[PDB]
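Pasted below: final03.pdb, PDB, C-alpha atoms.
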```pdb
ATOM      1  CA  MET A   1    -178.045 129.225 112.058
ATOM      2  CA  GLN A   2    -177.820 130.279 108.409
ATOM      3  CA  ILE A   3    -179.164 127.990 105.696
ATOM      4  CA  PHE A   4    -179.372 128.528 101.920
ATOM      5  CA  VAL A   5    -182.480 127.937  99.785
ATOM      6  CA  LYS A   6    -181.618 127.494  96.069
ATOM      7  CA  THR A   7    -184.477 128.169  93.640
ATOM      8  CA  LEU A   8    -184.813 126.913  90.035
ATOM      9  CA  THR A   9    -183.997 130.362  88.616
ATOM     10  CA  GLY A  10    -180.513 130.459  90.062
ATOM     11  CA  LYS A  11    -181.390 132.751  92.921
ATOM     12  CA  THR A  12    -180.259 131.566  96.357
ATOM     13  CA  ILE A  13    -181.908 133.010  99.452
ATOM     14  CA  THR A  14    -180.292 132.953 102.878
ATOM     15  CA  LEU A  15    -182.487 132.383 105.923
ATOM     16  CA  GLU A  16    -181.783 132.474 109.652
ATOM     17  CA  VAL A  17    -183.355 129.515 111.355
ATOM     18  CA  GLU A  18    -183.088 127.187 114.321
ATOM     19  CA  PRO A  19    -183.088 123.388 114.020
ATOM     20  CA  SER A  20    -186.174 123.407 116.229
ATOM     21  CA  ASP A  21    -188.161 125.282 113.594
ATOM     22  CA  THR A  22    -190.826 123.381 111.727
ATOM     23  CA  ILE A  23    -190.911 123.114 107.943
ATOM     24  CA  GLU A  24    -194.163 125.137 108.013
ATOM     25  CA  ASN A  25    -192.233 127.947 109.724
ATOM     26  CA  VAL A  26    -189.445 127.859 107.176
ATOM     27  CA  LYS A  27    -192.006 128.163 104.378
ATOM     28  CA  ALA A  28    -193.533 131.194 106.128
ATOM     29  CA  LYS A  29    -190.084 132.861 106.352
ATOM     30  CA  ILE A  30    -189.610 132.268 102.612
ATOM     31  CA  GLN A  31    -193.055 133.790 101.909
ATOM     32  CA  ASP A  32    -192.193 136.779 104.079
ATOM     33  CA  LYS A  33    -188.924 137.403 102.236
ATOM     34  CA  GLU A  34    -189.624 136.470  98.598
ATOM     35  CA  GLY A  35    -193.407 136.396  98.497
ATOM     36  CA  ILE A  36    -193.919 132.810  97.425
ATOM     37  CA  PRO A  37    -197.103 131.300  98.924
ATOM     38  CA  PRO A  38    -196.344 128.292 101.140
ATOM     39  CA  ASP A  39    -198.782 126.112  99.177
ATOM     40  CA  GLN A  40    -196.575 126.473  96.090
ATOM     41  CA  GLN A  41    -193.348 125.505  97.891
ATOM     42  CA  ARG A  42    -191.778 122.037  97.713
ATOM     43  CA  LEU A  43    -188.574 121.856  99.828
ATOM     44  CA  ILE A  44    -185.978 119.174  99.076
ATOM     45  CA  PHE A  45    -182.952 118.132 101.165
ATOM     46  CA  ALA A  46    -180.813 115.042 100.653
ATOM     47  CA  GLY A  47    -183.371 113.758  98.195
ATOM     48  CA  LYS A  48    -186.299 113.835 100.618
ATOM     49  CA  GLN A  49    -189.310 116.185 100.280
ATOM     50  CA  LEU A  50    -189.630 117.997 103.634
ATOM     51  CA  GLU A  51    -192.980 117.689 105.451
ATOM     52  CA  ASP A  52    -194.604 120.691 107.188
ATOM     53  CA  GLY A  53    -195.004 119.296 110.738
ATOM     54  CA  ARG A  54    -191.421 118.027 111.122
ATOM     55  CA  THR A  55    -188.550 120.237 112.353
ATOM     56  CA  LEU A  56    -185.202 120.843 110.598
ATOM     57  CA  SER A  57    -183.550 118.725 113.316
ATOM     58  CA  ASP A  58    -185.714 115.751 112.278
ATOM     59  CA  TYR A  59    -183.842 115.744 108.972
ATOM     60  CA  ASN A  60    -180.377 116.439 110.449
ATOM     61  CA  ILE A  61    -180.089 119.778 108.592
ATOM     62  CA  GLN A  62    -176.928 121.470 110.006
ATOM     63  CA  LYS A  63    -175.657 125.050 109.624
ATOM     64  CA  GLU A  64    -174.906 126.170 106.094
ATOM     65  CA  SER A  65    -176.901 123.394 104.472
ATOM     66  CA  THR A  66    -178.661 124.136 101.152
ATOM     67  CA  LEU A  67    -182.309 123.144 100.577
ATOM     68  CA  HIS A  68    -183.756 123.111  97.051
ATOM     69  CA  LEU A  69    -187.060 124.901  96.425
ATOM     70  CA  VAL A  70    -189.234 123.611  93.574
ATOM     71  CA  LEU A  71    -192.496 125.507  92.912
ATOM     72  CA  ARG A  72    -195.722 123.605  92.309
ATOM     73  CA  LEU A  73    -198.141 125.483  90.009
ATOM     74  CA  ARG A  74    -200.574 125.168  87.119
ATOM     75  CA  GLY A  75    -200.022 128.758  86.017
ATOM     76  CA  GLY A  76    -197.609 131.634  85.465
TER      77      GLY A  76
ATOM     78  CA  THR B 156    -179.466 132.899  72.901
ATOM     79  CA  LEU B 157    -178.228 129.325  73.277
ATOM     80  CA  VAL B 158    -178.344 126.223  71.081
ATOM     81  CA  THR B 159    -180.691 123.320  71.792
ATOM     82  CA  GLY B 160    -177.981 120.953  72.987
ATOM     83  CA  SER B 161    -176.269 123.353  75.382
ATOM     84  CA  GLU B 162    -179.352 124.305  77.397
ATOM     85  CA  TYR B 163    -180.238 120.608  77.180
ATOM     86  CA  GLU B 164    -177.255 119.397  79.165
ATOM     87  CA  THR B 165    -177.785 122.452  81.368
ATOM     88  CA  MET B 166    -181.254 121.180  82.186
ATOM     89  CA  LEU B 167    -179.819 117.917  83.088
ATOM     90  CA  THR B 168    -177.141 119.433  85.288
ATOM     91  CA  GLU B 169    -179.633 121.644  87.147
ATOM     92  CA  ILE B 170    -182.310 119.049  87.654
ATOM     93  CA  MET B 171    -179.300 116.803  88.107
ATOM     94  CA  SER B 172    -178.037 118.346  91.313
ATOM     95  CA  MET B 173    -181.660 117.697  92.219
ATOM     96  CA  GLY B 174    -180.913 113.968  92.414
ATOM     97  CA  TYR B 175    -181.804 113.403  88.766
ATOM     98  CA  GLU B 176    -179.158 111.845  86.508
ATOM     99  CA  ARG B 177    -178.752 113.475  83.095
ATOM    100  CA  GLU B 178    -180.619 110.554  81.556
ATOM    101  CA  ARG B 179    -183.743 110.684  83.715
ATOM    102  CA  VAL B 180    -184.143 114.383  83.147
ATOM    103  CA  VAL B 181    -183.107 114.395  79.508
ATOM    104  CA  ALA B 182    -185.512 111.568  78.899
ATOM    105  CA  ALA B 183    -187.816 113.690  80.954
ATOM    106  CA  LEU B 184    -187.004 116.395  78.417
ATOM    107  CA  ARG B 185    -188.077 114.024  75.691
ATOM    108  CA  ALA B 186    -191.195 113.785  77.813
ATOM    109  CA  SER B 187    -191.135 117.494  78.778
ATOM    110  CA  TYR B 188    -190.751 118.818  75.239
ATOM    111  CA  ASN B 189    -187.174 119.917  76.076
ATOM    112  CA  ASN B 190    -188.192 121.879  79.143
ATOM    113  CA  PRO B 191    -186.083 121.452  82.285
ATOM    114  CA  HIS B 192    -188.346 122.567  85.091
ATOM    115  CA  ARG B 193    -191.091 120.447  83.536
ATOM    116  CA  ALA B 194    -188.367 117.870  83.023
ATOM    117  CA  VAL B 195    -188.112 117.500  86.779
ATOM    118  CA  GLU B 196    -191.760 117.951  87.512
ATOM    119  CA  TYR B 197    -191.700 114.982  85.186
ATOM    120  CA  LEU B 198    -188.944 113.334  87.168
ATOM    121  CA  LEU B 199    -191.648 113.499  89.812
ATOM    122  CA  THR B 200    -194.941 112.367  88.271
ATOM    123  CA  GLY B 201    -192.893 109.410  87.076
ATOM    124  CA  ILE B 202    -191.145 108.009  84.011
ATOM    125  CA  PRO B 203    -193.685 105.978  81.980
ATOM    126  CA  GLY B 204    -193.022 104.497  78.560
TER     127      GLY B 204
END
```

Once more with this new file: its structure as structure tokens, please.
Amino acid sequence: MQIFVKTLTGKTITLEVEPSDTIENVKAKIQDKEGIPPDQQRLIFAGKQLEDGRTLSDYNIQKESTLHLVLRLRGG
Amino acid sequence: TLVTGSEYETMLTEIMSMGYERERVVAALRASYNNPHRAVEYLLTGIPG
């Protein structure tokens, strides 16, 4: 299923995932395609911060949903 | 090149969609120095005062 990840710079990335994928997996796909280290990623959906060991189905994320990506960092 | 106000309400609106009313983020701007991203990272850490 396709999902959208909206970043704070107005870039939206599309990912192909399965509801059975874990949040850790999603973060690895984002690293693979945009290069952001998983440790800097904070994923938000329906006002909840997503936890690494849960799956997308745990949160009821359906096709064409948009997650928000906030970056955690102490540098530029 | 944009005025202070404009970008201001634009911070709100962005961080807004992020479940952060214009007031929490704008006040977060008062606490972020006018920054948006920091405004929300602020929305996070909390809203002391």

Near chain B, which residues of chain A fall within 9 Å when you count only C-alpha atoms, and what do they look like as a PyMOL selection string?
-> chain A and resi 8+44+46-47+68+70+72

Quick one: everything within 12 Å of residue B:182, counting only C-alpha atoms, minus sequence neighbours fewer than 5 positions away in the same chain. Send it as a ChimeraX atom specification.
-> /B:163-164,166-167,170,175-177,187-191,193-195,197-198,201-204

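Proximity ranking of A:60, A:49, A:40, A:2 relative to residue A:16 places A:2 first, based on all atoms listed in the file.
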
Using all atoms listed in the file, find the one residue out of A:56, A:61, A:30, A:50 that sits nearest to residue A:13.
-> A:30

Identify all residues satisfying the PyMOL selection byres ((chain A and resi 7) around 10) in the given file; provide them as a PyMOL selection string.
-> chain A and resi 4-6+8-13+43+67-71

Could you save those same residues with C-alpha atoms as a CSV table (one decimal), in the coordinates of the input?
```csv
chain,number,residue,atom,x,y,z
A,4,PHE,CA,-179.4,128.5,101.9
A,5,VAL,CA,-182.5,127.9,99.8
A,6,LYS,CA,-181.6,127.5,96.1
A,8,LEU,CA,-184.8,126.9,90.0
A,9,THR,CA,-184.0,130.4,88.6
A,10,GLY,CA,-180.5,130.5,90.1
A,11,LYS,CA,-181.4,132.8,92.9
A,12,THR,CA,-180.3,131.6,96.4
A,13,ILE,CA,-181.9,133.0,99.5
A,43,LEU,CA,-188.6,121.9,99.8
A,67,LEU,CA,-182.3,123.1,100.6
A,68,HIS,CA,-183.8,123.1,97.1
A,69,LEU,CA,-187.1,124.9,96.4
A,70,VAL,CA,-189.2,123.6,93.6
A,71,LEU,CA,-192.5,125.5,92.9
```

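Here atom CA of residue A:62 stands at a distance of 16.6 Å from atom CA of residue A:25.
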
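If you look at atom CA of residue B:157 and atom CA of residue A:73, they are 26.3 Å away from each other.
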
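Computed from the coordinates, the atom CA of residue A:31 to atom CA of residue B:168 distance equals 27.1 Å.
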
Residue with the minimum atom-to-atom distance to residue A:18, picked from A:76, A:48, A:64, A:34 with all atoms listed in the file counted, is A:64

Output of the PyMOL selection byres ((chain A and resi 53-55) around 8), listed as JSON, numbers by chain | {"A": [19, 20, 21, 22, 23, 24, 50, 51, 52, 56, 57, 58, 59]}
